[PDB]
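# Chains, contacts and geometry: an overview
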Amino acid sequence: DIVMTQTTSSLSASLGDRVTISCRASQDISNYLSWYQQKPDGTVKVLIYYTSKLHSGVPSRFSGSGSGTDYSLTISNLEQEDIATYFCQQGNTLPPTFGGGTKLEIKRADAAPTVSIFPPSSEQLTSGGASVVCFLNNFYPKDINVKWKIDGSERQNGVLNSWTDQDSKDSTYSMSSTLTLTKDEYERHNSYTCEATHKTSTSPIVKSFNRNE
Amino acid sequence: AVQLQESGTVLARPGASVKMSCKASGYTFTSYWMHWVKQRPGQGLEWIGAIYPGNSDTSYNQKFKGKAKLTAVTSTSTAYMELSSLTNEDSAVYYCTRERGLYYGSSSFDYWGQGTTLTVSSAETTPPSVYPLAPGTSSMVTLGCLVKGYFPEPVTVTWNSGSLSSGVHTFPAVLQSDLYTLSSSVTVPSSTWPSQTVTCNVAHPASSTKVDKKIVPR
Ligand SMILES: C=C[C@H]1CN2CC[C@H]1C[C@H]2[C@H](O)c1ccnc2ccc(OC)cc12
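Residues numbered from 1 in each chain as written, not as in the entry; some residues may be left out. Chains lettered and ligands numbered in written order. Heavy atoms only, no water.

Looking at the entry header, you'll see X-ray crystallography listed as the method and 2.853 Å as the resolution.

### A short note on the environment of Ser72(A)
Residues and elements named next belong to chain A. Put simply, the rule is: Strands are runs of DSSP state E lasting at least 2 residues, helices are runs of H or I lasting at least 4, and numbering of each runs from the N terminus. Accessible area is worked out with a 1.4 Å probe on protein chains only. A residue is then buried under 20% of its type maximum, exposed over 50%, and partly exposed in between. The contact definition used throughout considers only heavy atoms, calling two residues in contact when any of these lie within 4.5 Å.
Structurally, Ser 72 is set in strand β6 (residues 70-75). Residue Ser 72 is classed as partly exposed on the basis of its relative accessible area of 21%. C-alpha of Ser 72 to C-alpha of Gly 158: the two residues are 86 residues apart in sequence and 44 Å apart in space. Not counting chain neighbours up to four residues away, the residues in contact with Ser 72 comprise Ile 21, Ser 22, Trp 35, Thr 51, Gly 64 and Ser 65.

### A look at the side chain of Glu6(B)
Applied cut-off: Residues counted as positive are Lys and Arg, residues counted as negative are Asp and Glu, and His and the chain ends are not counted. What counts as a salt bridge is simple: a side-chain nitrogen of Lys or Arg found within 4 Å of a carboxyl oxygen of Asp or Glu.
Within the secondary structure, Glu6(B) sits in strand β1 (residues 3-6). No salt bridge forms around the buried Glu6(B); measuring N to O, its nearest opposite-charge neighbour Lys45(A) is 11 Å away.

### Some thoughts on the domain arrangement of chain A
Residue and element names in this part refer to chain A. Worth spelling out the cut-off: Residue ranges for the domains trace back to a domain assignment, done automatically or taken from a database. Put simply, buried area is how much 1.4 Å-probe accessible surface two parts lose in total, over both of them, once they are put together. In protein, a polar contact means a hydrogen-donor-capable atom and an acceptor-capable atom, both N or O and within 3.5 Å, with residues adjacent in sequence counting only if both atoms are side-chain atoms; elsewhere, any N or O pair within 3.5 Å suffices. In the scheme used here, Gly and all other residues not listed as nonpolar or charged are polar, with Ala, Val, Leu, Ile, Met, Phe, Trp, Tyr, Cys and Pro taken as nonpolar and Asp, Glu, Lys and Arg as charged.
Assigned domains of chain A: these are domain 1 (1-107) and domain 2 (108-211). Just the C-alpha atoms count here: the centres of domain 1 and domain 2 sit 37 Å apart. Here domain 1 packs against domain 2, burying approximately 580 Å² in sum over the two surfaces, 36% of which is carbon and sulfur. Taken as a group, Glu 105, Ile 106 and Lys 107 account for 69% of the area that domain 1 buries against domain 2, more than any other trio of residues on that side. Inspection of the region where domain 1 meets domain 2 yields one salt bridge. One can count five residue pairs in polar contact joining domain 1 with domain 2. Residue composition of the side of domain 1 that touches domain 2, grouped by class: two nonpolar, one polar and three charged.

### A closer look at the interface of chain B and chain A
At the junction of the two partners, chain B supplies 38 residues and chain A supplies 44 residues. For the chain B and chain A pair, buried surface summed over both sides reaches about 3,500 Å², with 59% attributable to carbon and sulfur atoms. Taken together, the links from chain B to chain A amount to one salt bridge. Residues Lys213(B) and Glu123(A) are paired through a salt bridge, measuring 2.7 Å at the closest nitrogen-oxygen approach. At the level of elements, β5 (34-39), β6 (45-52), β11 (109-112), β13 (131-133), β14 (140-146), β17 (174-175) and β19 (183-189) of chain B are the ones that each hand at least two residues to the side of chain B that touches chain A. The greatest single-element share of the side of chain B that touches chain A, amounting to four residues, is contributed by β11(B). Residues belonging to the side of chain B that touches chain A are distributed by class as follows: 19 nonpolar, 14 polar and five charged.

### Some remarks on the site of the ligand
Inclusion rule: Any residue with a non-hydrogen atom lying within 4 Å of a molecule or strand is treated as near it. Working definition of accessibility: Shrake-Rupley area with a 1.4 Å probe, residue cover restricted to the visible protein chains.
Taken together, 14 residues lie near the ligand, and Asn92(A), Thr93(A), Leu94(A), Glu99(B) and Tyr104(B) sit nearest. At the ligand, the nearby residues belong to more than one chain, namely chains A and B. Calculation on the ligand without its partners gives an accessible area of 510 Å², and the protein chains cover 78% of this total. Class assignment of the residues belonging to the shell around the ligand gives a composition of five nonpolar, eight polar and one charged.

### Thoughts on the state of the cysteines
Throughout this description, disulfide means a covalent bond between two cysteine sulfur atoms. All names here are of chain B. Let me state the cut-off plainly: What counts as a disulfide here is a pair of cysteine sulfur atoms lying within 2.5 Å.
Under the defined criterion, the tally for this structure stands at four disulfides over all chains. Each sulfur in the disulfide pair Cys 145 and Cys 200 lies 2.0 Å from the other. With the S-S dihedral at roughly -130°, the linkage between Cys 145 and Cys 200 falls on the left-handed side. One end of the pair, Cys 145, is in strand β14; the other, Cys 200, is in strand β20 (residues 199-204), with 55 residues separating them in the sequence. The residues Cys 145 and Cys 200 share a single accessibility class, namely buried. Counting only the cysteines that take part in disulfides, in the order they occur along chain B, gives the pairing 1-2, 3-4. The cystine pairing of chain A, numbering bonded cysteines in sequence order, is 1-2, 3-4.

Structure below.
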């Protein structure tokens, strides 16, 4: 069908920083384009139809521009409420197709995470389970690589990672990794480490612990 | 003015069929093209079909032909969607949205619903097993509470009746062998605790499971 394509997937901008999204159609669409906004809280509304026609009841900071294939949408002045995933769509032929989406984010200074490792509590350790947790709170570029080197040995089978969206308070990310084992395996290795390789400083922040201690 | 009210979160087993719902209000329901959409996380939006309530004539998509089925009742001012022969690929969140242009239509949509989430798996309502997280003391310290082995979502997490609300990070739930699992963090200075009470309050209305938990080191 008609393949829409946005130039990116995630962006970076601060308050007032005039910025733009650029959609691209597989072919001509005769200026039958529309822009949409989807808050991470599920809701979704429209901004523009027909490349640059404002819907009844939207601010003049938004606008539009379009021709043939290369289309775009700009906000000459940003506000906190304008952070969301932004979609586009062609109204030329069937089936109606959308862009892959473009999420927004505030760009701020790099920051190392506040790591905190946690051995498996006793309440768990008697239930046969053996879960080792590692929190990584308040950090920037989401692009983190985490690894667990038990007795100094790379391992993946057992880990389950979780990521939070951009914090509405100070715009910083957090990660919650958690390695799961059975008691028998836990009771055969000693040194457990939660290594958090990050961009900020070459030094991998390590939070280790020995079960003999 | 105008509003679309999609049904709440719903789930069912694979192979079976589900009936969604999208109620309308504030405009002439009969004379407007109502559309549906499918949003999966990794990808964008996938057009699934549309309908004109007056005659209830349909326009599906080649990919979803025979898969979904659209209906529409006039008196209830409600739009419907029914999926069948389900698989994990259908596990997603669906939307309902109005096409502007009164009788003839147009090139755009104007108003949307809050979206209906759909999950599928062979599993049963299970309550979690809340476990405590303590280190083993610092200046500034982080604690937390871990849940595990519960179904279905969601699950609420508080800290002493929600008295706390700073430096908190309740992480979204992940999945292992068809069961949910998450965690949560709390932030305080070295003083506050263990010198003072610090408990995490959990709630899983599905299993009707209320649990409080004061955490202690070793
Ligand atoms: C099932 C759809 C019907 C509703 N509108 C009138 C007749 C049918 C077509 C569509 C519109 O003309 C239209 C034509 C071509 N391409 C379109 C692409 C998107 C779109 O927005 C719903 C409407 C389009």
